[PDB]
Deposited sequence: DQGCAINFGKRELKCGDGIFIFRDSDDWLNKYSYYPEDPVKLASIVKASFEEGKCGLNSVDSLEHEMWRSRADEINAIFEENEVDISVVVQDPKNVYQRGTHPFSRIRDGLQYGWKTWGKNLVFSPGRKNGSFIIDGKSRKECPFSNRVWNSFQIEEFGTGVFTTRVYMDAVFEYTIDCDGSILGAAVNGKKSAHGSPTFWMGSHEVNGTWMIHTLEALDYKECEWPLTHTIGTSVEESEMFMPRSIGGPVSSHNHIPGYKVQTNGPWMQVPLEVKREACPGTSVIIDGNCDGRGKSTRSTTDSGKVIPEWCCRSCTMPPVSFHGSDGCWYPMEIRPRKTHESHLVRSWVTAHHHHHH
């Protein structure tokens, strides 16, 4: 990796060789060309998997969904030639957990790629995480017949430096820093809602319990010391199911939080506006930090589980 970074805090320019992790993989929104195994073996794989009694798939991330939407037509043409057709519907960005791996090779039935749990096949009868990537990047994919719950490590990244760190992915970016001795989040952009856990071999400083972390493990978020914000426990019932998120350290427009010690807390997150689009600027919280945190997603301003409407 022959490159040439430049800092501005410590004022370096140092060039040479090493390891680089770019965020801009979060910005190359559509440049990949996902080529699965081949236009033949994949067809037989899905045909067999349907023939065993798996109604439809369940994408794991936006990359899988894009690949399937682009390559449904080739598989349909192949089957035409050699009684099943794949119809790729749309989840907004809320890829949930399927509970089956692919199956081994040996009316108009359908293999819905990721559809609503319409009482005809629940999430139980779906294949979720049964691909793995061989080339970093055009990306080639290979099928797998073993169930897994950890995300694919071939596309992840992590890095630490002097008082700086960053957990990356093409659809995720968390950036921590150390101030006054401790490590705490300061950037967080999520473009999906995955449910694959972060692998241990790509976490930095795995020496924590799952009770101080900000982003929970199941939603997919590194299990480390860098992943937590002081004064806030795990965000189980957070606003994680939304479209592109951003965790921000500022009170949401028109509202205010006054640090108290008498108002109940630790329930579920609540939007700043009511169901009729009216703000409620009467927010309290228990012992929290001086500024509040607030997500910025699909509906807009949400608040963490420690900030309640008084």
query	finding
Missing C-alpha runs, given along the deposited sequence, first residue counted as 1	83 to 84, 109 to 128, 160 to 165, 339 to 358
